[PDB]
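Accompanying notes for the structure given below.
2 protein chains.
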Amino acid sequence: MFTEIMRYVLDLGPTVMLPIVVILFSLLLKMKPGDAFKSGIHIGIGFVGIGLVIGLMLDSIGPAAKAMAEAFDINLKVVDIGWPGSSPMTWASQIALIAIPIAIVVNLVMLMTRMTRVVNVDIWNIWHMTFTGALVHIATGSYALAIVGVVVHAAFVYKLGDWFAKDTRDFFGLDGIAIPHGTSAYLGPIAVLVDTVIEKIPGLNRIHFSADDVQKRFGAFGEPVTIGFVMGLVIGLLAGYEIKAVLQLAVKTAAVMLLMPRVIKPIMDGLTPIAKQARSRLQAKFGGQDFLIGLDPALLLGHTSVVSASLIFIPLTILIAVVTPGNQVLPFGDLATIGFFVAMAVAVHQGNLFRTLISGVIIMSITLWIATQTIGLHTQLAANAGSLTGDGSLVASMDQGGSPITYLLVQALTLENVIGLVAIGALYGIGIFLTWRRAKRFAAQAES
Amino acid sequence: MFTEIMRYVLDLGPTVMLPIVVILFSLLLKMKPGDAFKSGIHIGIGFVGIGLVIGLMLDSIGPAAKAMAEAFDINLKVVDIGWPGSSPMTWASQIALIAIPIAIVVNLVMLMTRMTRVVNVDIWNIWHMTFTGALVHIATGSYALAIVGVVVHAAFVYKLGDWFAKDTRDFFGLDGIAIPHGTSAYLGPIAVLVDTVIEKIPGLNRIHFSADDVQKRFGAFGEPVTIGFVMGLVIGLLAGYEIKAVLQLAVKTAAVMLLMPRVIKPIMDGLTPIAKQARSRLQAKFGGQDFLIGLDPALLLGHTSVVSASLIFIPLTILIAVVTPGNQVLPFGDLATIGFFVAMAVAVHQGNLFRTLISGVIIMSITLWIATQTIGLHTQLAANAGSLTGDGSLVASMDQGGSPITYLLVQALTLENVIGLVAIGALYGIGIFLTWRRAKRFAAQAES
Numbered sequence: 001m002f003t004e005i006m007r008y009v010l011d012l013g014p015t016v017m018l019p020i021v022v023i024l025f026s027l028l029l030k031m032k033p034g035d036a037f038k039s040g041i042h043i044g045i046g047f048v049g050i051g052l053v054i055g056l057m058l059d060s061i062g063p064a065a066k067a068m069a070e071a072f073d074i075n076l077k078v079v080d081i082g083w084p085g086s087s088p089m090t091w092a093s094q095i096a097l098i099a100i101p102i103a104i105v106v107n108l109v110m111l112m113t114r115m116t117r118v119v120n121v122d123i124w125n126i127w128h129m130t131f132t133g134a135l136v137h138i139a140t141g142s143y144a145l146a147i148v149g150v151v152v153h154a155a156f157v158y159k160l161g162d163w164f165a166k167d168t169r170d171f172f173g174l175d176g177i178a179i180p181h182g183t184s185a186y187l188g189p190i191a192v193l194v195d196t197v198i199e200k201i202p203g204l205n206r207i208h209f210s211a212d213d214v215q216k217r218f219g220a221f222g223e224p225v226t227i228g229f230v231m232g233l234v235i236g237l238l239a240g241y242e243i244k245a246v247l248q249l250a251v252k253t254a255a256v257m258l259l260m261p262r263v264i265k266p267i268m269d270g271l272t273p274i275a276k277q278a279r280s281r282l283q284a285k286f287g288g289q290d291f292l293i294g295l296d297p298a299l300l301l302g303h304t305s306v307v308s309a310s311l312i313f314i315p316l317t318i319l320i321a322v323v324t325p326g327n328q329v330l331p332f333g334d335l336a337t338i339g340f341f342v343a344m345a346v347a348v349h350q351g352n353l354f355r356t357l358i359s360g361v362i363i364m365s366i367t368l369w370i371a372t373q374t375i376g377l378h379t380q381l382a383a384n385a386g387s388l389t390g391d392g393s394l395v396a397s398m399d400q401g402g403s404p405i406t407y408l409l410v411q412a413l414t415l416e417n418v419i420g421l422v423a424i425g426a427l428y429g430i431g432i433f434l435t436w437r438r439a440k441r442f443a444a445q446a447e448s
Numbered sequence: 001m002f003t004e005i006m007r008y009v010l011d012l013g014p015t016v017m018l019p020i021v022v023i024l025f026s027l028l029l030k031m032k033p034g035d036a037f038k039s040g041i042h043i044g045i046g047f048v049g050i051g052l053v054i055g056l057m058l059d060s061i062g063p064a065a066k067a068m069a070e071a072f073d074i075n076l077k078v079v080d081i082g083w084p085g086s087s088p089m090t091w092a093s094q095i096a097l098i099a100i101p102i103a104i105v106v107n108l109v110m111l112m113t114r115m116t117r118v119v120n121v122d123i124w125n126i127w128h129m130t131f132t133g134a135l136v137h138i139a140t141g142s143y144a145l146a147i148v149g150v151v152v153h154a155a156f157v158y159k160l161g162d163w164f165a166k167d168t169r170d171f172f173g174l175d176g177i178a179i180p181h182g183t184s185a186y187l188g189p190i191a192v193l194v195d196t197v198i199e200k201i202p203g204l205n206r207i208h209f210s211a212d213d214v215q216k217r218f219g220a221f222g223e224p225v226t227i228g229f230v231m232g233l234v235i236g237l238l239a240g241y242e243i244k245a246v247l248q249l250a251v252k253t254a255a256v257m258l259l260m261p262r263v264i265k266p267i268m269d270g271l272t273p274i275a276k277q278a279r280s281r282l283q284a285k286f287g288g289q290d291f292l293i294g295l296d297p298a299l300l301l302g303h304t305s306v307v308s309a310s311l312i313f314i315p316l317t318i319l320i321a322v323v324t325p326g327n328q329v330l331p332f333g334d335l336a337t338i339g340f341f342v343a344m345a346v347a348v349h350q351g352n353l354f355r356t357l358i359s360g361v362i363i364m365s366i367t368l369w370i371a372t373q374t375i376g377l378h379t380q381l382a383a384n385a386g387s388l389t390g391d392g393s394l395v396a397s398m399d400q401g402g403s404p405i406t407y408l409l410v411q412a413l414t415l416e417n418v419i420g421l422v423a424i425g426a427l428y429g430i431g432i433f434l435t436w437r438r439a440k441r442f443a444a445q446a447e448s
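Residue numbers (the authors' numbering), protein chains in the order written: chain A, 1 to 448; chain B, 1 to 448.
Written out as structure tokens, the structure reads:
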């Protein structure tokens, strides 16, 4: 009966079950029924808006990006599928129904001993941990090792969401909300390492560039919506699209970027009183820092800089896919939502487009190489799920196939590529240590 | 040479060609190119948001309303198709590509003679005039009568948009914007007549009921979002939907109602400088009242009362379709957007839900009676367009097939139903005289 009720809860959707969870939390906080109902329905309001705008992103950008990818290069054989094609594949795994209870238990345990302050409530993003566990099970061949991998990934994701609280609170303005899930969370340490390296280099640190500089230089034409329209038009032109298609796509890009914050806003409007009462009661009873709430990484698309970088990086990603040595994966699926990769990079760089570009280039190269490395495991997963054609063609993805955590876990658990494991582990360990030191320093400075 | 360029302009879409028209108008007003481009792109963004929200509303309500209709009654045989099924039928007619130039010419002629002040720019809503012209051509059998029917319909809708300027400016807050198209425009006079009749009878006028009263009565549960959620929930429950589907549908109803004004706002945000400069220059050059701009009737959905009426009236109109004498049309297609019918009724009644309900009942019964009356013409139009199944099943629509103007023109030109012609003509003429007198009185009062 547990599997059936878990499947029902999953099928309820983020727009129904999450408002129920928020209402229950508010009721546990001793509020009036009206406030809890309003907060829940507002959160559902924002999430429905997010889903609609993301669907617009997909059906507007996907076709154009894919057409440009075919037009540019044909050397790369393996074709990316991205998160829209990976998440249903992941949900068909045999551990898809136990990963959610395991993650919930580990979150409760880490909250009980005050090792974290992130109360994750988005259970539709647990498929990341499910994917890592499935890959570990496929590679090593042991169920217990897969469970250990899921636990490790969940703990690391929660700790990373805790560490990046300052950037979400300040740069994005999402006060009281933390984002532990998504590709932005675990690609943060690379951006932190790149920022530290650039800061160390004299002369290069003097280069500053932001959308505000663009607006100042170009007058009324530098206003962000104009630059988004221009980027959409350029992407349409590069894809060989017709004039009417180019204009429609550019208008769609400007529209999605303009409407992202308008649909995010109801979530904050509904969650403000909940956070206020939480800080009023739970912080008084227990103590410590603010109790953050985990949410979907789609909330990071509200900032104009994030979506601007997303539009800019599609041709940049396609260019990177040709120059990266030992690369066979052609970015095909998540090019529409490539902003999820470099959102935390933009937040860390505080909108500095030069350092954002450098960090995004390095992140794209690293994730493309990793996705090239993890192909046999991914095609084995595809065969296991049954969503694979009979031609025997390989498959790969970058949203979760190329995550550094999964590659590091698999390499450390089976030791098949020691040189790549050593290199990626050194880079990611330096990034993690740097981001932890930076988070501790920021917390100490804010406290003092 | 004109046919394919007109087809291309039509296919450009409201999000591309209309911003180009706005930019050209702004340039003719001697603004800087940057501000003109910003206004045009903002209007495009608003229209894209309108399209997205309308698509969500359709995909959320349509199936639910259709299931409601199937579950409730089976006595009615003819199945409505609504505007989504009528617009491709109308645009495939023989007079499809002449109607747009005819409407533009008649608008220019009426503007030059100072007979009207509505500068219609939405060329995608001309399909109402195309529909009435095609119906007249089918009934009478001559091209010239079709042309004169198109001209008469265009002049009537332009004058109706002129007369309802105060309601749009004040009640909906759309300053400088007129709505000559849509079912709301030509179903206004019935609402005006009903309001006058209610005012005449003492005691009935003393009943006042508005959404503000509901909010005051219900405290923390009387907000528009909460009542919309309740209406969605009851619609799902009475339709035989499952619990998850019911909750998702209710959340989607709350979604459309709450997100309507947020996506409505960019249109005014972009159009305000255009109207300001028009008032500064064109009024000084020529004189007279403001030069209003015709747009989509979907803008009336921004008001919360209109959406609330749209949700409540669906079971109401389905019930009305059973008790209406001599009715054979089952409302099936435009149940999703039933709010377009009673928008102007709400505007006339100033949000009085009691008079809104009475006017809506009268309008529903009347328009269903016409929709039953005009069935042979509609199925002949379907056969001409080629979109008719070979089973011989009758077709009928109520958004435009049941509109009073087309029925009145057909009856006046062919004289096939004297009793129906005289009844509908008397009712509509009394409504038109009353609304013209009301508009003249309002203009005189504002001038004084």
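The C-beta atom is built at its ideal place from N, Cα and C for all residues, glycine as well.
Query raised in the report: So which residues on chain A does B:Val16 lean against when the C-beta distance must stay under 8 angstroms?
Result: Taking the second sequence and counting its residues from 1, the one referred to as residue 16 of chain B is at position 16. Result: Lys244, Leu247, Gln248 and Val251.
inquiry  = Using a 10 Å radius around the Cβ and a threshold of 16 neighbouring Cβ atoms, would you call A:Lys30 buried or exposed?
reply    = As a working mapping, residue 30 of chain A is identified with position 30 in the first sequence. Under this definition A:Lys30 is an exposed residue.
Secondary structure at B:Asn120, three-state DSSP: helix, strand or coil?
What you label residue 120 of chain B is simply residue 120 of the second sequence in a count that begins at 1. It is a strand residue.
Are the CB atoms of A:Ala345 and A:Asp80 nearer to each other than 8 angstroms? Here residue 345 of chain A refers to the residue found at position 345 when the first sequence is read from its first residue. Here residue 80 of chain A refers to the residue found at position 80 when the first sequence is read from its first residue. No, Cβ-Cβ distance for A:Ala345 and A:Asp80 is not below 8 angstroms.
Worksheet entry | Listed by chain order, chain B residues near A:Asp11 by CB distance under 7 angstroms | Looking up residue 11 of chain A in the first sequence gives position 11. Neighbours of A:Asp11 on chain B, chain order: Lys244.
Tell me, please, whether the CB atom of A:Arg262 is closer than 8 angstroms to any CB atom in chain B?
Here residue 262 of chain A refers to the residue found at position 262 when the first sequence is read from its first residue. Interface residue, yes.
On a Cα-Cα basis, can you pick out the residue from A:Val234, A:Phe172, A:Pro273 and A:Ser87 that is closest to A:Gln400? To locate residue 400 of chain A, count along the first sequence from 1; it is residue 400. Each of A:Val234, A:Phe172, A:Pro273 and A:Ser87 was checked against the Cα of A:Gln400, and the nearest Cα belongs to A:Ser87.
- Query: Quick one: what's residue 501 of chain B bridged to in DSSP?
  - Reply: Because chain B here runs from 1 to 448, residue 501 of chain B falls outside it and cannot be looked at.
Spell out whether any CB of chain A is found under 8 angstroms from the CB atom of B:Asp35. One-based indexing of the second sequence puts residue 35 of chain B at position 35. True, the Cβ-Cβ gap to chain A drops below 8 angstroms.
* **Chain-ordered chain B contacts of A:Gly219 [CB-CB under 8 angstroms]** => The count along the first sequence starts at 1 and reaches residue 219 of chain A at position 219. Per Cβ cutoff of 8 angstroms: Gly34.
Straight-line CA distance for B:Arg355 to A:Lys166? Numbered from 1 along the second sequence, position 355 holds the residue referred to as residue 355 of chain B. Numbered from 1 along the first sequence, position 166 holds the residue referred to as residue 166 of chain A. Linking B:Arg355 to A:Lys166 through their CA atoms gives a straight-line distance of about 54 angstroms.
*Measure from the alpha carbon of B:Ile358 to the alpha carbon of each residue in B:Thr168, B:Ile432, B:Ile207 and B:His137, then state which is nearest.*
To locate residue 358 of chain B, count along the second sequence from 1; it is residue 358. Ranking the options by Cα distance to B:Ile358, first place goes to B:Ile207.
query = With burial defined as no fewer than 16 other Cβ atoms inside 10 Å of the residue's Cβ, what is the status of B:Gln445: buried or exposed?
reply = Here the question's residue 445 of chain B lines up with position 445 in the second sequence. Counting other Cβ atoms within 10 Å of its Cβ, B:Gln445 stays below 16 and is therefore classed as exposed.
- Identify which residue in A:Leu409, A:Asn417 and A:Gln328 has its Cα closest to the Cα of A:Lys77. Within the first sequence, numbered from 1, the residue matching residue 77 of chain A stands at position 77. For A:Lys77, the closest of A:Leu409, A:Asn417 and A:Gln328 by C-alpha to C-alpha distance is A:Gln328.
**Report entry** Interface partners of A:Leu52 on chain B, CB under 9 angstroms
**Finding:** The sequence position of residue 52 of chain A within the first sequence is 52, counting from 1. Result: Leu52, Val53, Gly55, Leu56, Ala255 and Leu259.
Q) Should B:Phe313 be flagged as near chain A, meaning a C-beta pair shorter than 8 angstroms? A) As a position in the second sequence, residue 313 of chain B is number 313, starting the count at 1. Interface residue (Cβ-Cβ distance to chain A less than 8 angstroms): B:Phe313 is not classified as such.
query: Does the region 19-26 of chain A touch the region 38-57 of chain A, meaning 3 or more C-beta pairs lie closer than 8 angstroms?
result: With three or more CB-CB distances shorter than 8 angstroms, the region 38-57 of chain A counts as touching the region 19-26 of chain A.
query = Do B:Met110 and B:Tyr186 have their C-beta atoms within less than 8 angstroms of each other?
reply = As a first step, residue 110 of chain B is located in the second sequence; it is residue number 110 there, counting from the start. As a first step, residue 186 of chain B is located in the second sequence; it is residue number 186 there, counting from the start. Going by C-beta atoms, B:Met110 is not nearer than 8 angstroms to B:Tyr186.
What does the Cβ neighbour count give for B:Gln289, buried or exposed, with the cut at 16 atoms within 10 Å?
For the purposes of this step, residue 289 of chain B is taken as the residue at position 289 of the second sequence. The residue in question, B:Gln289, is exposed, as its Cβ has fewer than 16 Cβ neighbours within 10 Å.
Margin query: Please identify, using Cβ separations under 9 angstroms, the residues of the region 264-297 of chain B that lie next to chain A, in order along the chain.
Written below: Against chain A - using a Cβ distance shorter than 9 angstroms - the residues of the region 264-297 of chain B are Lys265 and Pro266.
Using a beta-carbon distance cut-off of less than 8 angstroms, what residues from the region 156-172 of chain B approach chain A? Within the region 156-172 of chain B, no residue qualifies.
- Is A:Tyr143 buried or exposed, if buried means 16 or more other CB atoms sit within 10 Å of its CB? Here residue 143 of chain A refers to the residue found at position 143 of the first sequence. A:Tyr143 comes out exposed.
Output yes or no for whether 8 angstroms exceeds the beta carbon distance between B:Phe291 and B:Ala278.
By one-based count along the second sequence, residue 291 of chain B stands at place 291. By one-based count along the second sequence, residue 278 of chain B stands at place 278. Yes, they are a contact pair.
Whether or not the region 183-201 of chain A and the region 221-229 of chain A are in contact is what I'm after, with contact meaning three or more pairs of Cβ atoms, one per stretch, closer than 8 angstroms; do they touch? no
ask   = For B:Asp195, does the three-state DSSP call read helix, strand or coil?
value = Sequence index remark: in the second sequence, residue 195 of chain B carries index 195 (1-based). Of the three classes helix, strand and coil, the one that applies to B:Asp195 here is helix, per DSSP.
| Nearest-angstrom Cα separation, counted from B:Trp436 out to B:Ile177 | For the purposes of this step, residue 177 of chain B is taken as residue 177 along the second sequence, with counting starting at 1. For the purposes of this step, residue 436 of chain B is taken as residue 436 along the second sequence, with counting starting at 1. Straight-line Cα distance between these residues: approximately 19 angstroms.
Span of the beta strand (DSSP E), counted from its first residue to its last, around B:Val78
Here residue 78 of chain B is taken as the residue at index 78 of the second sequence, counted from 1. B:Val78 -> beta strand (DSSP E) spans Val78 to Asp80.
Worksheet entry | Outcome for A:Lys216 when other beta-carbon atoms lying within 10 angstroms are tallied against a minimum of 16 | Here the question's residue 216 of chain A lines up with position 216 in the first sequence. Within a 10 Å sphere around the beta-carbon of A:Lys216 sit fewer than 16 other beta-carbons, which makes this residue exposed.
### Query
Exposed or buried, what is B:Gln283 when buried is set at 16 or more other beta-carbons lying within 10 Å of its beta-carbon?
Walking along the second sequence from the start, residue 283 of chain B turns up at place 283. Exposed, because fewer than 16 other Cβ atoms sit within 10 Å of the Cβ of B:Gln283.
Would you be able to state if there are at least three C-beta pairs under 8 angstroms between the region 291-308 of chain A and the region 45-61 of chain B? Short answer: they don't touch.
Just how far apart, CA to CA, sit B:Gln94 and B:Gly182?
Start at 1 with the first residue of the second sequence, and residue 94 of chain B comes out as number 94. Start at 1 with the first residue of the second sequence, and residue 182 of chain B comes out as number 182. Rounded to the nearest angstrom, the two C-alpha atoms are 22 angstroms apart.
Quick one: list the residues of chain A neighbouring B:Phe25, beta-carbon separation under 8 angstroms, in chain order.
-> The count along the second sequence starts at 1 and reaches residue 25 of chain B at position 25. Against B:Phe25, chain A offers no close residue; the least beta-carbon distance is about 18 angstroms (beta-carbon pairs closer than 8 angstroms).
The alpha helix (DSSP H) spanning A:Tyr8 covers which residue range?
-> Locating residue 8 of chain A in the first sequence gives position 8, where the first residue counts as 1. Start and end: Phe2 to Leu12.
_Neighbour-count burial assignment, B:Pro180, 16 or more Cβ in a 10 Å radius_ = Here residue 180 of chain B refers to the residue found at position 180 of the second sequence. By the 10 Å Cβ count, B:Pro180 comes out buried.
- How many Å lie between A:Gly333 and A:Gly82 at the Cα? Taking the first sequence and counting its residues from 1, the one referred to as residue 333 of chain A is at position 333. Taking the first sequence and counting its residues from 1, the one referred to as residue 82 of chain A is at position 82. Spanning the two alpha carbons is a distance of roughly 4 angstroms.
**Item:** Cα-Cα separation between A:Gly402 and B:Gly188, rounded to whole angstroms
**Value:** Your numbering for residue 402 of chain A matches position 402 in the first sequence. Your numbering for residue 188 of chain B matches position 188 in the second sequence. A:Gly402 and B:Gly188: Cα-Cα distance of roughly 60 angstroms.
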